[PDB]
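Residue numbers (the working numbering), protein chains in the order written: chain H, 5 to 131; chain X, 129 to 247; chain F, 906 to 1111; chain R, 3 to 157; chain L, -11 to 71; chain C, 145 to 204; chain G, 123 to 221; chain P, 16 to 39. By construction, the Cβ of each residue, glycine as well, lies at the ideal position given by its N, Cα and C atoms.
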Amino acid sequence: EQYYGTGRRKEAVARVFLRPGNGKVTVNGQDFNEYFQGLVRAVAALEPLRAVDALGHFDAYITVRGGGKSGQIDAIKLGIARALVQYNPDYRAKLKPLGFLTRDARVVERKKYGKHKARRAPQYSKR
Amino acid sequence: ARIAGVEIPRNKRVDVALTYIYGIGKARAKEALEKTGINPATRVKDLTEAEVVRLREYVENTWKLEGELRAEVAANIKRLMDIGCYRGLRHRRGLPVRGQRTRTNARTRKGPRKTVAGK
Amino acid sequence: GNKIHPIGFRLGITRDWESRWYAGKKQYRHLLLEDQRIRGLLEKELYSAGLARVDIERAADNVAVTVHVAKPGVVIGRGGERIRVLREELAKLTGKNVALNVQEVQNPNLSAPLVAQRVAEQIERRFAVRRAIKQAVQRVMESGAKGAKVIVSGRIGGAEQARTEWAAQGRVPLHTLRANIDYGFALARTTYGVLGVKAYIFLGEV
Amino acid sequence: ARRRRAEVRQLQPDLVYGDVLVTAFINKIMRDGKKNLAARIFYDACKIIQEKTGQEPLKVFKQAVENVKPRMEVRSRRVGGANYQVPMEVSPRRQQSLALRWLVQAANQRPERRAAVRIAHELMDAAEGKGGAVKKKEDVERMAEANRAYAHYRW
Amino acid sequence: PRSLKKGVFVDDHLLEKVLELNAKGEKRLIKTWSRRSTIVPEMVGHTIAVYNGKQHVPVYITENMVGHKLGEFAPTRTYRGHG
Amino acid sequence: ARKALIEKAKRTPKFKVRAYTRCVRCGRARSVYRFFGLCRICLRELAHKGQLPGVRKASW
Amino acid sequence: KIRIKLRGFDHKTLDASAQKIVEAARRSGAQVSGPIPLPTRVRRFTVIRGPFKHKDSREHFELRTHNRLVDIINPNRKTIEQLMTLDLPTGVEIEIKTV
Amino acid sequence: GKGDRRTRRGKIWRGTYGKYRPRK
RNA sequence: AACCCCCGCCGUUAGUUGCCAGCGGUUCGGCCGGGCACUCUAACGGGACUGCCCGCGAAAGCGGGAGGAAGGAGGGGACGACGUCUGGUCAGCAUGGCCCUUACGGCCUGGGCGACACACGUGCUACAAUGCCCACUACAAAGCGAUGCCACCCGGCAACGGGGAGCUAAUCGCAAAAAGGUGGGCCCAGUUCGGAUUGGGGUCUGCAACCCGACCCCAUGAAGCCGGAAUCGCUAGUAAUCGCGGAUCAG
RNA sequence: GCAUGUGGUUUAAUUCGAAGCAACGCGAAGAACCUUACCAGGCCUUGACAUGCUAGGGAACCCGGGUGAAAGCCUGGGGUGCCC
Ligand SMILES: [Mg+2]
Ligand SMILES: [Mg+2]
Ligand SMILES: [Mg+2]
Ligand SMILES: [Mg+2]
Ligand SMILES: [Mg+2]
Ligand SMILES: [Mg+2]
Ligand SMILES: [Mg+2]
Ligand SMILES: [Mg+2]
Ligand SMILES: [Mg+2]
Ligand SMILES: [Mg+2]
Ligand SMILES: [Mg+2]
Ligand SMILES: [Mg+2]
Ligand SMILES: [Mg+2]
Ligand SMILES: [Mg+2]
Ligand SMILES: [Mg+2]
Ligand SMILES: [Mg+2]
Ligand SMILES: [Mg+2]
Ligand SMILES: [Zn+2]
């Protein structure tokens, strides 16, 4: 048995697998902490799980590529998010007006010509 | 203790304390603790006298340091002076020697900024 | 000098490249250099034939020079006499398989660069500056085009004060991509100097 | 603005405790986005505070804020020939910034050698009534009053 | 500076006027336009004219002016001041 | 483009260091792409006629 | 068995070209693993719109190398000639592999 | 430092490798 | 304004050189069998309209919400109207005209655009403890490369040199991402801050590094403890901060 | 402090142009000679380049020496195809 979700956020992609059992999380083999060490947004990825009562109800098989661990953790989170409608198409009620089903459509805007870094422009006295 | 003709910073780490000579930097130092095998981590104040001399001879006799080195260097240019060459004419007039631009900038080599009047 | 070239906008949007090949990094540099000889000789001569759009499709060292032109029998001569003179004068420059065709400019007012030329000619021809440009446009919504516009742009009529002129009609909408418009840059030469000319035609939204 | 007032930035409530105030502080520590630092800066100040004056570090924060939150300010302005520094009351949120703003700004002006340390002290010292935190609060209620001479030009 | 894995450098036409007037125990002023070359110990005591832009400059060659290139003894421009 | 100075770069030189490109179409070697044998003025000017295959106008 | 590599400029011909090819390797005696979209490559050119001084106004061009790749499993002698009697796209360059 | 050459990031900045930045 | 591209969701065609959820084997390396699920990979389509609800309103619109990946144009790009400043360049090219044409035209070696009592305009690194430093430890996107990218191997403290496997490039390589993480050293110091300017030693490109190069190692360790009056940028994945890349080009 | 443009000076020349915002890391998305318009020297004169005209010799062409800073110049030899 396995329930899967599609998790994606800002040039980083994450894959989620929800089996019934414990609450151990393997993200690219490694434990949830041996991959998200002294980092605080870490334990936040699990949030979409704990607003329906099930940390200890399911296991976590994980895979990620791209981005940084935040942008992964947002995707991991968005993965456990989607993953729960494939188990309960009724959990959908609880985790949308709670906001956990959405692609953070936010994205590193393009660097523009004439502008040091897109928005930033060049300083000028003697105006 | 004292070496090269200078009393090195007591209370401080060994490795740092030897930089404080005119013959030694970061490297030539921590390699003289390699080649006299005393823990670089410890303080200059906690040695043995045994472990004092042992760095004294090696450091002093091998390299050229202190008074002798600015002396050699303040001669090695004194050399490049009377030579008539490009580089000597610079150490004299106090303009940079390493070819850097000289319109704008180039301060630390000329002194401070002596201001005039445009037109 | 504020705006943009119309053709170079619809690059594979509502137009097409003339030279349509492939190429490697080794080849593209030289290969193209060639086309700009092909199109320098081909032009320089064919002028009083009214030459328009010059395709140069390419396979394995087979060049494929098509040619759209006002007057196919001033490319030809009598019988097939003068087209041969050139068809090799190109394989004389390439060193390979010149397949130099011919394709008539059916309706001549309904293709810009021609329109541009005859006007730039008419300016070289010491004609009535305005009326040139008026009738220019005139004929274009007379042949049946959606939109017309000509831009005479020199020291005009022989004047020392450099100005510019023009007129137009119909839809001229170069901010609609999906509107096909043809640009014509000409470039008259008269005793007082040099007087570039422009011409835009709309045919239709697609 | 000039088209309407902004809605104000709806922050992520704290990951550990849960206060939205805790958030805005952590960001208001943070420099150059280096947020995994300022989170530790915060959560070591709660190890110090829970263990130097053994109560709930979280409660002291709430109080260390109420106590630097000014209530009147000098919303300066002009007539037509010279301009007057002018007493004005303060918004609900405007407090919550200047609170945390100043709490930090003091902590960096504190003399200690350590990061979460100069937060810990300037968190007790705020919720006492001393330290640079509260000094400034009572300083622009003081320039609210020792400048009350033009509370008719107030807007 | 100049690779040691590739030895010193001197121009041929210039070295030619040196070890022919060396091989005849004489000394004359040489006129060449190379500056790009490294003086060698078999030129010491020669009178050598090097060029800067417009002028051949007097450079009699002594000892410890050894491995330095020629152009170090032939200033290229003129700077005395601004007024 | 001083005419003879397209030619001081056409023919092969005394030593291989002196090998500086130039534009086939105008003879400005100041900003030239050794992929078009062309400069920036040209490359547009031409690209604006679609006379360089696959050269699209960019946007993202 | 026999693998093809199409490298062109359009996205149009390069899809067209490779789908004529994909029909006469089915009728002619071959199962086939389909038309393959590949890691396209971009060479871009950022250039000063102006002749002279006006630098910070700039134009943008992208030359898009488009890579296609189709595999023929079970290549017949009813086949191989059917695909040298199919050749017809103009801006494309074809190549033929075999391991 | 960063304009400093004999160091960790100061190499990386220049782009270079030396005794103070290895090749593993 | 829309039609074009990029990014956001999803469906159709597709399974290599990419991918690994289940099963078989496993030199534990998606390594092999097998599969193309999902990630990706490019081509085409779907979808957002004030459509729904209460309210406000003659209407257009507006405010709050339900559903939705996206909500009132979702973010970003290309896109610049009739005209002005006789704005810009005869130094890309084009050309009226005045002007030289055994000379301003042409070839050449060397010298110069880099000079330096100063002044402004732009940026880099700093002045450091939210840090500097040495180890071990993770997570990127984009682009280039068969006249080149150069895995490893050996020599050297090192730049690099020698030998040499792979790659028409999702298959091989530049490639170390860096701030972050673990562990430890520094303890307010002109400092293990800072990294100028110098002395000497070498490597490389190149006919050739004196003018006038970059890089390595050693020694030198300057100004500056966050900056006068004035003044600049940015309204959200922006500002700041950290690394990678490409063009040009032997360097 | 250094990097880069710039003003002013200096220079045999420091080649050019940019001029309030909208000139100033801008023409330079790569100045050691090259680039190179500049200056000092050694030089070339249908010329590094085009389509030719007339008189006289020469197939094109390829190899070497001498002098030289290089260019340049004086000069030895090999060669003698195509059309009628
Ligand atoms: Mg960024
Ligand atoms: Mg700028
Ligand atoms: Mg010209
Ligand atoms: Mg070059
Ligand atoms: Mg340092
Ligand atoms: Mg396979
Ligand atoms: Mg298995
Ligand atoms: Mg528009
Ligand atoms: Mg003006
Ligand atoms: Mg310059
Ligand atoms: Mg080794
Ligand atoms: Mg090597
Ligand atoms: Mg300090
Ligand atoms: Mg805005
Ligand atoms: Mg970079
Ligand atoms: Mg001029
Ligand atoms: Mg020069
Ligand atoms: Zn050009």
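| Asked | Found |
| --- | --- |
| I'd like the span of the alpha helix (DSSP H) that includes R:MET126, first residue to last. | 117 to 126 |
| With 8 Å set as the bound, which would you pick, yes or no: does the beta-carbon of residue 111 of chain L sit closer than that to a beta-carbon of chain X? | Coverage of chain L is limited to positions -11 through 71, which leaves residue 111 of chain L absent and any answer about it impossible. |
| Taking all protein chains shown into account, decide if R:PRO94 is buried (16 or more other Cβ within 10 angstroms of its Cβ) or exposed. | exposed |
| Measure the beta-carbon distance from R:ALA66 to R:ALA128 and round it to whole angstroms, keeping in mind my assumption that it falls under 8 Å. | 4 Å |
| List the endpoints of the continuous alpha helix (DSSP H) containing H:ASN92. | Counting along the chain, H:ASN92 falls outside any alpha helix (DSSP H), and DSSP gives it neither H nor E. |
| Between F:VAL1003 and F:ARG992, is the Cβ-Cβ spacing less than 8 Å? | yes |
| How many angstroms separate the CA atom of residue 3 of chain H from the CA atom of F:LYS930? | Outside the displayed span of chain H (5 to 131) sits residue 3 of chain H, for which this structure offers no information. |
| Please state the DSSP three-state secondary structure of G:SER139. | helix |
| Which chain F residues are close to G:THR168, counting only those with a beta carbon under 9 Å from its beta carbon? | Near G:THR168 there are no residues of chain F at all, since even the closest Cβ is about 16 Å away, more than 9 Å. |
| Nearer than 7 Å: is that true of the beta carbon of C:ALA163 relative to any heavy atom of ligand 4? | yes |
| Could you pull the start and end residues of the beta strand (DSSP E) that L:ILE36 belongs to? | 35 to 40 |
| Report, in whole angstroms, the separation of the C-beta atoms of G:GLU217 and G:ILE126, which I expect to be a contact under 8 Å. | 7 Å |
| Using three-state DSSP, classify L:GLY59 as helix, strand or coil. | helix |
| What separation, rounded to the nearest whole angstrom, lies between the Cα atoms of X:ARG138 and H:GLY60? | 59 Å |
| I want to see whether chain C comes within less than 8 Å of G:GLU181, judged by CB atoms only; does it? | yes |
| Hey, out of F:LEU937, F:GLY985 and F:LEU1108, whose CA is closest to residue 858 of chain F's CA? | Absent from the model: residue 858 of chain F. The displayed extent of chain F is 906 to 1111, so no value can be given. |
| Go through its chain and collect everything with a Cβ distance to C:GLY171's Cβ below 6 Å, but skip five positions before and after it. | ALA145 and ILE150 |
| Could you tell me the distance, in whole angstroms, from the CA atom of X:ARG221 to the CA atom of L:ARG16? | 34 Å |
| If you measure from each residue's Cβ to the nearest non-hydrogen atom of ligand 1, which ones come out under 7 Å, in chain order? | H:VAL112 and H:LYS121 |
| Between R:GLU147 and X:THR170, what straight-line distance do the alpha-carbon atoms span, to the nearest angstrom? | 60 Å |
| Quick one: give me the first and last residue of the alpha helix (DSSP H) that P:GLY25 is part of. | 23 to 29 |
| Closest to H:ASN32 by C-alpha separation, out of H:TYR65, H:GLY25 and H:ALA49, would be which residue? | H:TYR65 |
| Once the 5 residues before and after F:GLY1089 are set aside, which same chain residues still bring their CB inside 6 Å of it? | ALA1017, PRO1018, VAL1020, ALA1021 and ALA1104 |
| Can you tell me which residues form a DSSP beta bridge with G:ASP193? | G:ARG125 and G:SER155 |
| Does the stretch 67 to 87 of chain H come close enough to the stretch 9 to 19 of chain H to have 3 or more Cβ pairs within less than 8 Å? | yes |
| Taking contact to mean at least 3 C-beta pairs separated by less than 8 Å, is the stretch 181 to 195 of chain X in contact with the stretch 136 to 153 of chain X? | yes |
| What is the C-beta distance between L:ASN40 and L:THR20, in whole angstroms, given that I count them as a contact (C-beta under 8 Å)? | 13 Å between Cβ atoms; not a contact. |
| Counting only Cβ-Cβ distances shorter than 8 Å, please list the residues of the stretch 187 to 203 of chain C near chain G, keeping chain order. | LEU187, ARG188, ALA191, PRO197, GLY198, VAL199, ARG200, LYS201, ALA202 and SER203 |
| Just the Cα atoms here: how many angstroms apart are L:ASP0 and X:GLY212? | 25 Å |
| Sort G:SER150, G:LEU191 and G:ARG148 by Cα distance to G:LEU128 and report the nearest one. | G:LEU191 |
| If you follow the alpha helix (DSSP H) that H:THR10 is in, where does it begin and where does it stop? | Counting along the chain, H:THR10 falls outside any alpha helix (DSSP H), though it belongs to the beta strand (DSSP E) covering 7 to 12. |
| Rounded to whole angstroms, what's the CA-CA distance from L:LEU9 to L:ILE27? Just pull it up for me. | 16 Å |
| Strictly under 8 Å for the Cβ-Cβ distance: is C:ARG184 near chain G by that measure? | yes |
| At which residues does the beta strand (DSSP E) containing F:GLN1074 begin and terminate? | 1072 to 1075 |
| Report the residue from H:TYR117, H:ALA97 and H:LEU105 whose alpha carbon sits nearest the alpha carbon of H:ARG13. | H:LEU105 |
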